Every structure is written in C-alpha cells, then in structure tokens.
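J.: Contents are mmCIF, N, CA and C atoms; file name input-v1.cif:
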```cif
data_data
#
loop_
_atom_site.label_atom_id
_atom_site.label_comp_id
_atom_site.auth_asym_id
_atom_site.auth_seq_id
_atom_site.Cartn_x
_atom_site.Cartn_y
_atom_site.Cartn_z
N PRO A 1 11.82 1.79 46.72
CA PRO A 1 11.81 3.03 45.96
C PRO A 1 10.44 3.59 45.88
N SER A 2 10.36 4.88 45.62
CA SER A 2 9.09 5.57 45.47
C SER A 2 9.06 6.31 44.15
N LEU A 3 7.88 6.34 43.52
CA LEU A 3 7.77 6.95 42.21
C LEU A 3 6.78 8.09 42.17
N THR A 4 7.13 9.18 41.49
CA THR A 4 6.24 10.33 41.36
C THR A 4 6.14 10.80 39.92
N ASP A 5 5.26 11.77 39.68
CA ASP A 5 5.10 12.37 38.35
C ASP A 5 4.89 11.30 37.29
N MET A 6 4.04 10.32 37.59
CA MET A 6 3.81 9.20 36.69
C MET A 6 2.70 9.48 35.69
N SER A 7 2.89 9.02 34.45
CA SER A 7 1.88 9.14 33.40
C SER A 7 1.96 7.95 32.44
N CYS A 8 0.85 7.66 31.75
CA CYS A 8 0.76 6.49 30.87
C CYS A 8 0.24 6.86 29.48
N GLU A 9 0.82 6.23 28.47
CA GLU A 9 0.35 6.36 27.09
C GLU A 9 0.32 4.99 26.41
N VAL A 10 -0.56 4.85 25.42
CA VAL A 10 -0.71 3.59 24.70
C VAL A 10 -0.52 3.76 23.20
N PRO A 11 0.67 3.43 22.68
CA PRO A 11 1.04 3.47 21.28
C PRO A 11 0.04 2.72 20.40
N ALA A 12 -0.43 1.58 20.89
CA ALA A 12 -1.43 0.80 20.18
C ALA A 12 -2.05 -0.25 21.10
N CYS A 13 -3.25 -0.72 20.74
CA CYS A 13 -3.89 -1.83 21.43
C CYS A 13 -4.71 -2.68 20.48
N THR A 14 -4.48 -3.99 20.52
CA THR A 14 -5.30 -4.96 19.80
C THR A 14 -5.74 -6.07 20.75
N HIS A 15 -7.04 -6.35 20.80
CA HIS A 15 -7.51 -7.43 21.66
C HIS A 15 -7.42 -8.78 20.94
N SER A 16 -6.18 -9.20 20.70
CA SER A 16 -5.87 -10.42 19.96
C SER A 16 -5.94 -11.67 20.82
N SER A 17 -6.09 -11.46 22.13
CA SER A 17 -6.09 -12.53 23.12
C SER A 17 -4.68 -13.07 23.38
N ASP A 18 -3.67 -12.39 22.86
CA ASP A 18 -2.28 -12.78 23.11
C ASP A 18 -1.39 -11.57 23.38
N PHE A 19 -1.73 -10.80 24.41
CA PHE A 19 -0.94 -9.64 24.80
C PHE A 19 -0.69 -8.70 23.62
N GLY A 20 -1.77 -8.33 22.95
CA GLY A 20 -1.69 -7.46 21.78
C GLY A 20 -1.68 -5.98 22.16
N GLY A 21 -1.79 -5.69 23.45
CA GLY A 21 -1.75 -4.31 23.90
C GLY A 21 -0.37 -3.94 24.44
N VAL A 22 0.03 -2.70 24.22
CA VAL A 22 1.29 -2.20 24.77
C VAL A 22 1.06 -0.87 25.47
N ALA A 23 1.71 -0.69 26.61
CA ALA A 23 1.59 0.58 27.33
C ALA A 23 2.95 1.05 27.81
N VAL A 24 3.15 2.36 27.76
CA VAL A 24 4.39 2.96 28.23
C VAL A 24 4.13 3.94 29.36
N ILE A 25 4.79 3.71 30.48
CA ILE A 25 4.58 4.55 31.66
C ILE A 25 5.83 5.33 32.03
N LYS A 26 5.70 6.65 32.07
CA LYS A 26 6.79 7.54 32.45
C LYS A 26 6.82 7.69 33.96
N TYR A 27 8.01 7.70 34.54
CA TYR A 27 8.13 7.82 35.99
C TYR A 27 9.36 8.61 36.42
N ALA A 28 9.28 9.21 37.61
CA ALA A 28 10.44 9.79 38.27
C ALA A 28 10.74 9.00 39.54
N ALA A 29 11.88 8.33 39.57
CA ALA A 29 12.24 7.48 40.69
C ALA A 29 13.07 8.22 41.72
N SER A 30 12.79 7.97 42.99
CA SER A 30 13.57 8.54 44.08
C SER A 30 14.96 7.90 44.14
N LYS A 31 15.03 6.63 43.77
CA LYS A 31 16.29 5.90 43.75
C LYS A 31 16.18 4.66 42.88
N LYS A 32 17.33 4.11 42.50
CA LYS A 32 17.37 2.87 41.73
C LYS A 32 16.88 1.68 42.54
N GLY A 33 16.07 0.84 41.92
CA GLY A 33 15.56 -0.37 42.57
C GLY A 33 14.49 -1.05 41.74
N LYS A 34 13.84 -2.05 42.31
CA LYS A 34 12.80 -2.79 41.60
C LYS A 34 11.42 -2.53 42.19
N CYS A 35 10.39 -2.60 41.38
CA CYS A 35 9.04 -2.42 41.88
C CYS A 35 8.18 -3.53 41.38
N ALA A 36 6.93 -3.56 41.80
CA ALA A 36 6.07 -4.66 41.43
C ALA A 36 4.90 -4.12 40.68
N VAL A 37 4.51 -4.79 39.60
CA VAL A 37 3.44 -4.22 38.78
C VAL A 37 2.18 -5.08 38.83
N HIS A 38 1.04 -4.45 39.11
CA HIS A 38 -0.21 -5.19 39.18
C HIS A 38 -1.39 -4.40 38.63
N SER A 39 -2.25 -5.08 37.88
CA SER A 39 -3.46 -4.47 37.35
C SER A 39 -4.48 -4.25 38.45
N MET A 40 -5.20 -3.13 38.39
CA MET A 40 -6.23 -2.83 39.37
C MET A 40 -7.62 -3.20 38.86
N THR A 41 -7.66 -3.91 37.74
CA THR A 41 -8.91 -4.39 37.18
C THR A 41 -8.76 -5.83 36.71
N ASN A 42 -9.87 -6.55 36.65
CA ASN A 42 -9.83 -7.92 36.18
C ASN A 42 -10.03 -7.99 34.68
N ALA A 43 -10.31 -6.84 34.07
CA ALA A 43 -10.52 -6.78 32.63
C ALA A 43 -9.19 -6.77 31.89
N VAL A 44 -8.14 -6.28 32.54
CA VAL A 44 -6.85 -6.13 31.89
C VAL A 44 -5.75 -6.90 32.62
N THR A 45 -5.09 -7.79 31.90
CA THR A 45 -4.00 -8.58 32.46
C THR A 45 -2.65 -8.08 31.97
N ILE A 46 -1.74 -7.84 32.91
CA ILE A 46 -0.40 -7.38 32.58
C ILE A 46 0.59 -8.53 32.60
N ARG A 47 1.34 -8.69 31.51
CA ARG A 47 2.23 -9.84 31.37
C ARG A 47 3.38 -9.82 32.38
N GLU A 48 4.00 -8.66 32.55
CA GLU A 48 5.14 -8.53 33.45
C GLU A 48 4.73 -8.46 34.91
N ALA A 49 5.42 -9.20 35.76
CA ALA A 49 5.15 -9.18 37.20
C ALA A 49 5.88 -8.03 37.89
N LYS B 1 -1.89 5.81 -52.47
CA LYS B 1 -1.76 7.25 -52.67
C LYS B 1 -2.81 8.04 -51.89
N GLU B 2 -3.96 7.42 -51.64
CA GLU B 2 -5.08 8.10 -50.98
C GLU B 2 -5.37 7.54 -49.59
N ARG B 3 -4.36 6.96 -48.95
CA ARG B 3 -4.56 6.32 -47.65
C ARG B 3 -5.07 7.29 -46.60
N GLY B 4 -4.58 8.52 -46.63
CA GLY B 4 -4.96 9.51 -45.63
C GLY B 4 -4.17 9.31 -44.35
N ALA B 5 -4.60 9.95 -43.27
CA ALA B 5 -3.90 9.86 -42.00
C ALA B 5 -4.05 8.48 -41.39
N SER B 6 -2.98 7.99 -40.77
CA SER B 6 -2.99 6.70 -40.10
C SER B 6 -3.56 6.81 -38.69
N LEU B 7 -3.92 5.67 -38.11
CA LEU B 7 -4.57 5.65 -36.80
C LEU B 7 -3.71 6.26 -35.71
N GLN B 8 -2.39 6.14 -35.81
CA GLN B 8 -1.51 6.70 -34.79
C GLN B 8 -1.56 8.22 -34.77
N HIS B 9 -2.14 8.81 -35.81
CA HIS B 9 -2.25 10.26 -35.87
C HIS B 9 -3.67 10.74 -35.59
N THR B 10 -4.65 9.85 -35.72
CA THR B 10 -6.05 10.24 -35.56
C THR B 10 -6.71 9.66 -34.31
N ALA B 11 -6.07 8.69 -33.66
CA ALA B 11 -6.69 8.02 -32.52
C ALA B 11 -6.96 9.01 -31.38
N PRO B 12 -8.09 8.87 -30.68
CA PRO B 12 -8.47 9.51 -29.44
C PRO B 12 -7.57 9.13 -28.27
N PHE B 13 -7.55 9.99 -27.25
CA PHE B 13 -6.87 9.74 -25.98
C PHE B 13 -5.37 9.57 -26.10
N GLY B 14 -4.80 10.05 -27.20
CA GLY B 14 -3.35 10.05 -27.38
C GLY B 14 -2.76 8.65 -27.55
N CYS B 15 -3.54 7.71 -28.09
CA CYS B 15 -3.08 6.33 -28.26
C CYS B 15 -1.95 6.24 -29.28
N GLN B 16 -0.93 5.47 -28.93
CA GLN B 16 0.15 5.18 -29.86
C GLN B 16 -0.10 3.84 -30.53
N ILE B 17 0.05 3.77 -31.84
CA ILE B 17 -0.23 2.54 -32.56
C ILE B 17 1.03 1.96 -33.19
N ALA B 18 1.23 0.66 -32.99
CA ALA B 18 2.38 -0.04 -33.54
C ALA B 18 1.93 -1.35 -34.18
N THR B 19 2.71 -1.84 -35.14
CA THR B 19 2.38 -3.10 -35.81
C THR B 19 3.44 -4.16 -35.54
N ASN B 20 3.12 -5.40 -35.91
CA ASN B 20 4.04 -6.51 -35.73
C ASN B 20 4.48 -6.71 -34.29
N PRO B 21 3.56 -7.11 -33.41
CA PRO B 21 2.12 -7.27 -33.56
C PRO B 21 1.38 -5.95 -33.49
N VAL B 22 0.12 -5.95 -33.94
CA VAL B 22 -0.70 -4.75 -33.84
C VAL B 22 -1.12 -4.53 -32.40
N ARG B 23 -0.88 -3.32 -31.90
CA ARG B 23 -1.21 -3.00 -30.52
C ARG B 23 -1.41 -1.50 -30.30
N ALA B 24 -2.21 -1.17 -29.29
CA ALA B 24 -2.37 0.22 -28.86
C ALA B 24 -1.64 0.45 -27.55
N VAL B 25 -0.89 1.53 -27.47
CA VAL B 25 -0.06 1.79 -26.30
C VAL B 25 -0.37 3.12 -25.61
N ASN B 26 -0.44 3.06 -24.28
CA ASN B 26 -0.63 4.22 -23.41
C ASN B 26 -1.87 5.06 -23.69
N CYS B 27 -3.02 4.40 -23.91
CA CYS B 27 -4.29 5.10 -24.07
C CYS B 27 -4.78 5.62 -22.72
N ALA B 28 -5.07 6.91 -22.64
CA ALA B 28 -5.47 7.51 -21.37
C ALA B 28 -6.96 7.33 -21.12
N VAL B 29 -7.38 6.08 -20.95
CA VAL B 29 -8.80 5.79 -20.77
C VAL B 29 -9.08 4.97 -19.51
N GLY B 30 -9.98 5.47 -18.68
CA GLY B 30 -10.45 4.74 -17.50
C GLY B 30 -9.39 4.65 -16.41
N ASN B 31 -9.48 3.59 -15.61
CA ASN B 31 -8.58 3.39 -14.48
C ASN B 31 -8.24 1.90 -14.29
N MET B 32 -7.29 1.63 -13.40
CA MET B 32 -6.79 0.28 -13.17
C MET B 32 -6.66 -0.04 -11.68
N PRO B 33 -7.52 -0.92 -11.16
CA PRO B 33 -7.47 -1.49 -9.82
C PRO B 33 -6.18 -2.28 -9.61
N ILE B 34 -5.56 -2.07 -8.45
CA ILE B 34 -4.36 -2.81 -8.06
C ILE B 34 -4.49 -3.34 -6.64
N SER B 35 -4.17 -4.62 -6.46
CA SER B 35 -4.22 -5.23 -5.13
C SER B 35 -2.86 -5.80 -4.74
N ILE B 36 -2.34 -5.36 -3.61
CA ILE B 36 -1.01 -5.79 -3.17
C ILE B 36 -1.06 -6.57 -1.87
N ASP B 37 -0.46 -7.76 -1.88
CA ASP B 37 -0.31 -8.58 -0.68
C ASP B 37 1.02 -8.28 -0.01
N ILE B 38 0.96 -7.54 1.10
CA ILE B 38 2.17 -7.07 1.77
C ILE B 38 2.50 -7.94 2.99
N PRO B 39 3.68 -8.56 3.03
CA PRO B 39 4.14 -9.45 4.07
C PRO B 39 4.36 -8.68 5.37
N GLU B 40 4.18 -9.36 6.50
CA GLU B 40 4.30 -8.71 7.81
C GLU B 40 5.71 -8.22 8.08
N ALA B 41 6.68 -8.78 7.37
CA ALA B 41 8.08 -8.40 7.53
C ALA B 41 8.31 -6.98 7.06
N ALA B 42 7.38 -6.48 6.24
CA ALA B 42 7.50 -5.16 5.65
C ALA B 42 7.02 -4.07 6.61
N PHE B 43 6.41 -4.48 7.72
CA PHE B 43 5.83 -3.52 8.64
C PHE B 43 6.69 -3.28 9.87
N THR B 44 6.69 -2.03 10.33
CA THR B 44 7.39 -1.61 11.53
C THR B 44 6.38 -1.27 12.61
N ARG B 45 6.61 -1.73 13.84
CA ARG B 45 5.63 -1.52 14.91
C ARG B 45 5.65 -0.08 15.40
N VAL B 46 4.54 0.37 15.97
CA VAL B 46 4.46 1.74 16.47
C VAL B 46 5.47 2.00 17.58
N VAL B 47 5.86 0.95 18.29
CA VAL B 47 6.85 1.07 19.35
C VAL B 47 8.26 1.14 18.78
N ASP B 48 8.42 0.73 17.53
CA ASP B 48 9.72 0.76 16.89
C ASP B 48 9.95 2.11 16.22
N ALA B 49 8.87 2.70 15.73
CA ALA B 49 8.92 3.99 15.05
C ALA B 49 9.21 5.12 16.04
N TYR C 1 -1.02 -8.47 4.93
CA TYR C 1 -2.03 -7.43 4.81
C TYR C 1 -2.36 -7.17 3.34
N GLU C 2 -3.65 -7.23 3.00
CA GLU C 2 -4.12 -6.97 1.64
C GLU C 2 -4.57 -5.52 1.48
N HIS C 3 -3.91 -4.79 0.60
CA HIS C 3 -4.23 -3.39 0.37
C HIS C 3 -4.72 -3.18 -1.06
N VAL C 4 -5.92 -2.61 -1.19
CA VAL C 4 -6.52 -2.44 -2.51
C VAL C 4 -6.76 -0.98 -2.85
N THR C 5 -6.22 -0.56 -3.99
CA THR C 5 -6.36 0.82 -4.46
C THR C 5 -6.72 0.87 -5.93
N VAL C 6 -7.16 2.03 -6.39
CA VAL C 6 -7.41 2.25 -7.81
C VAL C 6 -6.68 3.50 -8.30
N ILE C 7 -5.97 3.38 -9.41
CA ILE C 7 -5.31 4.54 -9.98
C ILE C 7 -5.77 4.77 -11.42
N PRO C 8 -5.72 6.01 -11.91
CA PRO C 8 -5.94 6.42 -13.29
C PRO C 8 -4.96 5.74 -14.23
N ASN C 9 -5.38 5.53 -15.47
CA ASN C 9 -4.55 4.85 -16.45
C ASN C 9 -3.57 5.78 -17.15
N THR C 10 -3.54 7.04 -16.73
CA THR C 10 -2.60 7.98 -17.31
C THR C 10 -1.17 7.52 -17.05
N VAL C 11 -0.37 7.45 -18.10
CA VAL C 11 0.99 6.97 -18.01
C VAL C 11 1.98 8.08 -17.70
N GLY C 12 2.91 7.81 -16.79
CA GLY C 12 3.95 8.77 -16.42
C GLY C 12 3.54 9.64 -15.24
N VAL C 13 2.41 9.32 -14.62
CA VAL C 13 1.94 10.08 -13.47
C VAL C 13 1.83 9.19 -12.23
N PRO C 14 2.70 9.38 -11.23
CA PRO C 14 2.79 8.62 -10.00
C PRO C 14 1.65 8.95 -9.05
N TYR C 15 1.21 7.95 -8.29
CA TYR C 15 0.21 8.15 -7.25
C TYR C 15 0.66 7.52 -5.94
N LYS C 16 0.31 8.15 -4.83
CA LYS C 16 0.68 7.62 -3.53
C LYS C 16 -0.53 7.11 -2.76
N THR C 17 -0.34 6.04 -2.01
CA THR C 17 -1.40 5.48 -1.18
C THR C 17 -0.91 5.20 0.23
N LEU C 18 -1.79 5.41 1.20
CA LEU C 18 -1.45 5.19 2.60
C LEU C 18 -2.02 3.87 3.10
N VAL C 19 -1.15 3.04 3.66
CA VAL C 19 -1.56 1.75 4.20
C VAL C 19 -1.71 1.83 5.71
N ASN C 20 -2.93 1.62 6.18
CA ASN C 20 -3.22 1.74 7.60
C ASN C 20 -3.43 0.38 8.25
N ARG C 21 -2.42 -0.08 8.98
CA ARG C 21 -2.48 -1.36 9.67
C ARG C 21 -2.22 -1.15 11.16
N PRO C 22 -3.28 -1.08 11.98
CA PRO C 22 -3.24 -0.73 13.38
C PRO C 22 -2.24 -1.59 14.13
N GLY C 23 -1.45 -0.95 14.98
CA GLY C 23 -0.38 -1.62 15.72
C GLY C 23 0.96 -1.40 15.04
N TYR C 24 0.92 -0.93 13.80
CA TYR C 24 2.13 -0.68 13.03
C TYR C 24 2.19 0.75 12.53
N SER C 25 3.41 1.24 12.33
CA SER C 25 3.61 2.57 11.77
C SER C 25 3.03 2.62 10.36
N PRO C 26 2.34 3.70 9.99
CA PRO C 26 1.75 3.93 8.69
C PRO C 26 2.77 3.77 7.57
N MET C 27 2.36 3.09 6.51
CA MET C 27 3.24 2.85 5.36
C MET C 27 2.73 3.59 4.13
N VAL C 28 3.64 4.17 3.37
CA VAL C 28 3.25 4.85 2.14
C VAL C 28 3.92 4.22 0.93
N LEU C 29 3.10 3.83 -0.03
CA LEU C 29 3.60 3.24 -1.27
C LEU C 29 3.38 4.18 -2.43
N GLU C 30 4.27 4.13 -3.41
CA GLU C 30 4.08 4.93 -4.62
C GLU C 30 4.03 4.05 -5.85
N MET C 31 3.02 4.28 -6.68
CA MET C 31 2.86 3.50 -7.90
C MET C 31 2.78 4.38 -9.13
N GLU C 32 3.42 3.95 -10.20
CA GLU C 32 3.36 4.66 -11.47
C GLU C 32 3.28 3.70 -12.64
N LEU C 33 2.42 4.00 -13.59
CA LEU C 33 2.35 3.19 -14.80
C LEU C 33 3.38 3.68 -15.80
N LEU C 34 4.21 2.76 -16.29
CA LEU C 34 5.23 3.12 -17.26
C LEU C 34 4.74 2.83 -18.67
N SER C 35 3.95 1.78 -18.79
CA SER C 35 3.39 1.41 -20.08
C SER C 35 2.11 0.59 -19.94
N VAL C 36 1.11 0.92 -20.74
CA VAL C 36 -0.12 0.14 -20.80
C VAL C 36 -0.40 -0.27 -22.24
N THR C 37 -0.57 -1.56 -22.47
CA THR C 37 -0.78 -2.05 -23.83
C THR C 37 -2.08 -2.81 -23.99
N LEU C 38 -2.82 -2.47 -25.04
CA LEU C 38 -4.03 -3.19 -25.41
C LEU C 38 -3.79 -3.94 -26.71
N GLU C 39 -3.67 -5.26 -26.63
CA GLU C 39 -3.33 -6.05 -27.81
C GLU C 39 -4.52 -6.87 -28.32
N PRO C 40 -5.12 -6.47 -29.45
CA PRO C 40 -6.29 -7.06 -30.06
C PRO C 40 -5.97 -8.42 -30.65
N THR C 41 -6.95 -9.31 -30.64
CA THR C 41 -6.81 -10.58 -31.32
C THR C 41 -7.35 -10.44 -32.73
N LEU C 42 -6.51 -10.74 -33.71
CA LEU C 42 -6.89 -10.55 -35.11
C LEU C 42 -7.01 -11.87 -35.85
N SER C 43 -7.92 -11.89 -36.82
CA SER C 43 -8.07 -13.01 -37.73
C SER C 43 -8.03 -12.51 -39.17
N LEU C 44 -7.10 -13.05 -39.95
CA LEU C 44 -6.90 -12.58 -41.32
C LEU C 44 -8.03 -13.01 -42.24
N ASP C 45 -8.59 -12.05 -42.97
CA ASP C 45 -9.62 -12.36 -43.96
C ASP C 45 -9.00 -12.56 -45.33
N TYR C 46 -8.20 -11.59 -45.77
CA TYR C 46 -7.51 -11.72 -47.05
C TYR C 46 -6.35 -10.75 -47.22
N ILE C 47 -5.52 -11.06 -48.21
CA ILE C 47 -4.41 -10.22 -48.63
C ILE C 47 -4.69 -9.61 -49.99
N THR C 48 -4.47 -8.31 -50.12
CA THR C 48 -4.64 -7.66 -51.41
C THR C 48 -3.36 -6.93 -51.82
N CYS C 49 -3.07 -6.95 -53.12
CA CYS C 49 -1.83 -6.40 -53.67
C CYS C 49 -1.99 -6.06 -55.14
#
```
Transcribe the structure of this file into structure tokens.
T.:
Amino acid sequence: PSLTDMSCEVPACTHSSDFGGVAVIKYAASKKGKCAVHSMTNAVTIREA
Amino acid sequence: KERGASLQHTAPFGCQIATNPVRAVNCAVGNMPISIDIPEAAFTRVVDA
Amino acid sequence: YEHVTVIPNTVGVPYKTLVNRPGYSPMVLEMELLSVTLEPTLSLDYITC
C-alpha cells in the first residue's frame, strides 16, 4: 500500500523513560493493508513495529 | 437591665455568636489554604478526551 | 497529584480551580465553605448571681 496526505500531531509527551510519548498520524491509504513503522532518529524510539 | 447589645449584634465581620459551647461562626476574615491529594484514577488522558 | 490552592473565608461563595497535570485532560474542581467555626478555650474564674 501507499500513503499520501500524511500529517502528525502529539496530544502529549513525557520523557518518563517508559513510552510516555504519544503521537497520532493521519493518512490517506490507496488500499487496505499493513505497513512498517520506523523512527528516522536514534533519539526517539517507537514501540510499535 | 443595663447589659446593652450582645456580641452577636456588635461583632465585626458579620460574626455569629452562639453559646453552649461558646463559639464564633462564619467570620469573614482572612483566607484558608486547602491541599487535595487526587488519585490517578480521577484523571482522564488527553487521548481519551 | 497534589494540588494546593487558597480561598477566601467568605461563607456561601464558591470558587473554582484548574488542575494542570500534563498528559491528562485538564480538571476543574469547585470548592465552597458552608460553615467556619472558631471555638475558644475557656477557663471559668467565677459565678455571680
């Protein structure tokens, strides 16, 4: 699948050292399917693969 | 016969006076600090709101 | 979460306070004094009649 018109917002963030940050990403998908999520920085770790 | 006005009629700040026991009630003087310990169960997350 | 506020001692007048706890939706509490009593400690000197 391919995604367009993507944007991100952060309701809240706490650096608690236990995934205290949350982010919500809006997307428009070309079709139903699965994608893979990866951080582009070493400063931020994303829990979901 | 010469008692004059009682304290409940002459007191400052609108104080009400009662006996048995002797006490002053609802005097409009100063302020009152309050500290509340609120349990985490009472809070709703920003993602829930 | 410990929240500390100060309100006037005026009776019958409600006050509102905002609790700000990051990561959670803002909470609003309302407090009102219904009665304030100042009870003096007395020591009897004598009875007259």
J.: Output the contact residues of chain B with respect to chain C at a cut-off of 7 Å, based on only C-alpha atoms, as a list in words.
T.: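 Taken together, these residues fit the definition: residues 22, 23, 24, 25, 26, 28, 29, 30, 31, 32, 33, 34, 35, 36, 37, 38, 39, 43, 44, 45, 46 and 49 of chain B.
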J.: For residue 22 (chain A), please output as a VMD selection string all residues within 8 Å (counting all atoms listed in the file; exclusion window: fewer than 2 positions along the same chain).
T.: chain A and resid 9 to 14 19 to 20 24 to 25
J.: How far is it from atom N of residue 2 (chain A) to atom N of residue 29 (chain A), in Å with one decimal?
T.: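 According to the coordinates, atom N of residue 2 (chain A) and atom N of residue 29 (chain A) are separated by 7.1 Å.
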J.: Can you measure atom N of residue 46 (chain C) to atom C of residue 2 (chain B) for me? One decimal in Å is fine.
T.: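 Pair atom N of residue 46 (chain C) / atom C of residue 2 (chain B) returns 19.7 Å.
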J.: Hey, can you check how far atom C of residue 18 (chain A) sits from CA of residue 40 (chain A)?
T.: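 Result for atom C of residue 18 (chain A) versus CA of residue 40 (chain A): 18.9 Å, one decimal.
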J.: I need the output of the PyMOL selection byres (((chain A and resi 44-46 and name CA) around 12) and name CA) for this file as an NGL selection string; which residues are they?
T.: :A and (13 or 15 or 17-23 or 36-43 or 47-49)
J.: Can you spell out as a list in words the set of residues that the PyMOL selection byres (((chain C and resi 29 and name CA) around 7) and name CA) selects in the structure I just provided?
T.: residues 16, 17, 18, 27, 28, 30 and 31 of chain C
J.: Skipping near chain neighbours, those fewer than 2 positions away, what residues fall within 7 Å of residue 7 (chain A) using only C-alpha atoms, listed as a list in words?
T.: residues 5, 25, 26 and 27 of chain A
J.: Mind listing the strand (DSSP E) residues of chain C, per DSSP on the backbone, as a ChimeraX atom specification?
T.: /C:2-8,15-19,27-31,37-38
J.: Taking 3 positions as the minimum chain separation for residues in the same chain, which residues sit within 9 Å of region 6-12 of chain B when counting only C-alpha atoms? Answer as a PyMOL selection string.
T.: chain B and resi 3+15-18+24+27-28
J.: If I wrap all listed atoms of region 40-47 of chain A in a box with edges along x, y and z and add 4 Å on each side, what are its centre and edge lengths in Å to one decimal, as JSON?
T.:
```
{"center_x": -3.6, "center_y": -6.3, "center_z": 35.4, "size_x": 21.9, "size_y": 15.0, "size_z": 16.0}
```
